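Here's a solo chain for you in structure tokens, the form deposited in one PDB entry.
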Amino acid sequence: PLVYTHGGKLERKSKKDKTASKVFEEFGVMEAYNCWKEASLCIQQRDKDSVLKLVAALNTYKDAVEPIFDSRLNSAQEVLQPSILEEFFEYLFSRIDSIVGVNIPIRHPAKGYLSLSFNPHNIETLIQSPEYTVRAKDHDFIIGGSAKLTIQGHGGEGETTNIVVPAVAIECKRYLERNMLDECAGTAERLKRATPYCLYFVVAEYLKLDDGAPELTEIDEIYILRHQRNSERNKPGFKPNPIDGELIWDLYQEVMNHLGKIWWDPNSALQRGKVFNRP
């Protein structure tokens, strides 16, 4: 198995909560899930209809399962539903190796690198082997690479830390309220300092944002997948929109573009006379 973020939380949640285990048994969550997974992995191409099909299965599984997580559970809006989308992105980008050339080690939730700072214990350790911190940051989904960072002082053979250098990072939220969109603006800033070529998206199903006023962030795209407000979800009669396959198709197109580009290329700068060729 590649990653399967959702599937694993299913098995972990049922391995720690026996209540939940029976709920998953009784309402056939596990069959629903396996079905979703099977449906998704067999989609081999990535033309628009291919992608639309994945979204189709996504909608189905969410329709089949989310109501159980809402009414039959207790704590399922923390790391049980936010993972359906995480795993979805795993499927969406399962077949990119063959298409972008190389074998990308990271296409799951991951801590994306931000900073390296030095916190030596004392003058001796400073000289001999300075203690350091790498600050990273949880993202719901990262396409990127794994690196080893080592610091050696006079003595040691160096403390090593494993780090993740992201090329795309995606936040995945059921609904996007202002509190969260501030976090995301905030880490976009940091993220762009650390990894200037990391594309950064926030993706939500609903937008729970009070009309307020517009925000210049360093986020490359926000996506509200169901085109709806959150005011609508807990009122008279249900009726949620499907997750819009169009948006996912777009998001896919932009990421693949990104992984296609040489990101510095001064030669093409000089050639054109612009560093930021936006057509």
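What we label the rigid core is the largest C-alpha set whose atoms superpose within 1.5 Å from one form to the other. Note that residue numbering follows the sequence shown and begins at 1.
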Point to revise | Between 28-36 and 62-70 (mean CA B-factor, as deposited), the higher | key: 62-70
Review point. Which has the higher mean CA temperature factor in the PDB entry, 199-207 or 136-144?
Key: 199-207
Check your understanding: Looking at 123, 149, 181, 168, which has the biggest Cα B factor in the entry?
Key -> 181
Exercise for review: Kindly indicate the residue among 130, 186, 109, 101 with the greatest C-alpha B-factor in the PDB record.
Suggested key: 101
Revision key, fill the gap. Temperature factor at the Cα of residue 262, chain-ranked in thirds, falls in the middle
Practice item. State the tercile, meaning the lowest, middle or highest third, of residue 76 with respect to the CA B-factors recorded for its chain. Key: highest
Revision key, fill the gap. Chain thirds by Cα B factor, record data; residue 194 belongs to the lowest
**Study point:** residue 92, C-alpha B-factor rank within chain (lowest, middle or highest third)
**Key:** lowest
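Separately, the form deposited in another entry exists; it is not shown, and the next lines address it.
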**Study point:** Single mover in 124, 78, 138, 97, with Cα shift of 2 Å or more between the shown form and the other one when the core is superposed
**Key:** 78
Review point. Taking the rigid core as reference, does residue 236 move its C-alpha 2 Å or further between the shown form and the other one?
Key: no
**Study point:** Large Cα move at residue 67 between the shown form and the other one, threshold 2 Å, rigid core
**Key:** no
Review point. When the two forms are laid on each other by their rigid core, does residue 221 show a Cα shift of 2 Å or more between the shown form and the other one?
Key: no
Review point. Given a CA distance change of at least 3 Å, are residue 246 and residue 211 closer or farther in the other entry?
Key: farther
Check your understanding: Looking in the other entry, are the Cα atoms of residue 209 and residue 214 closer together or farther apart than here, the change being 3 Å or more?
Key -> closer
